[PDB]
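Take a look at the structure tokens below, where one protein chain is shown in two forms, each on its own, as structure 1 and structure 2.
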Structure 1
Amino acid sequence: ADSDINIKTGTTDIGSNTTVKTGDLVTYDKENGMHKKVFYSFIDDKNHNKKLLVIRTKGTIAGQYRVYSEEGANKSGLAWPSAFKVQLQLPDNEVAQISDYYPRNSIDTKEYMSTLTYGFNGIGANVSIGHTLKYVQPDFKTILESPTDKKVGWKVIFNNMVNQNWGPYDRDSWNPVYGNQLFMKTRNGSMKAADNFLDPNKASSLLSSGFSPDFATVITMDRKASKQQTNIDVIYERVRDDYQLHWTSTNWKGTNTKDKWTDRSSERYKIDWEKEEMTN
């Protein structure tokens, strides 16, 4: 905060009195079902050392949460998204450099509560001691892959979910008899195996309705660069696990395998710094 260092607010900011040539590009990948969008703004400031270009990656990635296997009334499958990833990279040959990005990793806190109690009866003298720890855990965690000079990537992993108002079930949770109960409509059920799956409405929205990222990255050019034409690549992804239920003659049992499938988009864009346009 500039105001903390006695500097007038906004003095250190950039972009004053300088025109910006914004833009927009929309693409839909029918095969993978991820509507991709890239909102770019070309900021050049005569005061600033080098040109700027902020590249939003709004888009959206479909959940793709559906039962894919119908072996019978004894066992069935299910494929759900376990990680949405979008990463931008530049060719190693190019001279453009990634300067900033957002969001970024943040520290997480916890609340600690100690206790100590005395008691007198009548002639009892009971004593009690207790410690309670509280923290907030989201269903999906947004992570920023290690950003290097030429590429930055984000992830949205599946932390855990609450099923039928029962304790959160992690992706690797296991039970001695029932097995992993991540998506199990009924434990001691009698319907068809395909029917016995948690309704997509009850689950988190991201699983079935998809995830809509909003990530910002800014790249710069030496203002005296001999070449003013750099290509950039944006890659979307979706890692889908495999959840299967089978009947053990007494109760349903569920098993999960991690990173069963994966699909990418890999769109390539062409940046023209001289004319301040990015079309592809």
Structure 2
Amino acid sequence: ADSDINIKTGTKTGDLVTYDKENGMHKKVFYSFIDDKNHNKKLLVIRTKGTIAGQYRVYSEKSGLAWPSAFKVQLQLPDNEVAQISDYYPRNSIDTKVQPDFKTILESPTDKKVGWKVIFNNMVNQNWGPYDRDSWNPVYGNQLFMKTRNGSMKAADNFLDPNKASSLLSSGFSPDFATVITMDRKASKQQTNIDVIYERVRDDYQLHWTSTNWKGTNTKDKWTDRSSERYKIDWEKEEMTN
């Protein structure tokens, strides 16, 4: 810190939004242009705010339930242009020594690519061992959504209550993430292009009655809504658009 190293104190906005219907995945960005001209480059923080609904839906009617395996959100840009990607508040941090049920990873961010993976880490239901996005339990398969042990009603009805499950699976997950874009200032022309994906890595989960002690089977990333969204970031005017 500044005091820790004897440093004394060295050290215009807008709120875009959109939404996808067939997929069902909300979107938003909040940008800032504090206009201190004394800084080298224009700084822009892309708050990935939105709502990727849980889509915790029983599509198959045996009965299959589609659930969110990954709210992967990532910013990618073409090669020809001149800008670069610099920073991101959500960072893979040294896991010191709790096991949170969703692990906010950041894909290995190669220059011009920063991608978070809001993964479904080990989650506890009905007071037993937990299970993650790739939860595959030799007895209950993906043991995400078994309402009880000894159910008696219809299989399609006999799904873990969306209320009892982790609140992200039922409603969805709102990303609280940020990353930034930078380059030298004095270049003649400034513009980039982005490719957002809000990949709700959909995960088909066929729940079926096999015999006596219930059993689960799951298929990883069986579907997906790589709802590839493109934003149009207008850096000169200090506005962000699509």
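Take the two forms, find the largest set of C-alpha atoms that superpose within 1.5 Å, and that set is the rigid core. For numbering, take structure 1's sequence and count from 1.
Enquirer: On a core-based superposition, does residue 252 travel 2 Å or more at its Cα between structure 1 and structure 2?
Expert: Yes, because once the rigid core is superposed, the C-alpha of residue 252 moves 2 Å or more between structure 1 and structure 2.
Enquirer: Once everything's superposed on the core, is residue 211 shifted 2 Å or more at the Cα between structure 1 and structure 2?
Expert: Stays below the 2 Å threshold, so no.
Enquirer: Does residue 86 count as moved between structure 1 and structure 2, where moved means a C-alpha shift of 2 angstroms or more after fitting the rigid core?
Expert: Moves: no, less than 2 Å.
Enquirer: Would you mind giving the Cα movement of residue 174 between structure 1 and structure 2 in Å, after fitting on the rigid core?
Expert: So the C-alpha of this residue moves 5.7 Å.
Enquirer: Where the core is superposed, what shift in Å does the CA of residue 102 undergo between structure 1 and structure 2?
Expert: So the C-alpha of residue 102 has moved 1.4 Å between structure 1 and structure 2.
Enquirer: Supposing the core is put in the same place in both forms, how far has the CA of residue 233 shifted between structure 1 and structure 2, in Å?
Expert: Spelling it out: core superposed, C-alpha of residue 233 shifted, distance 2.6 Å.
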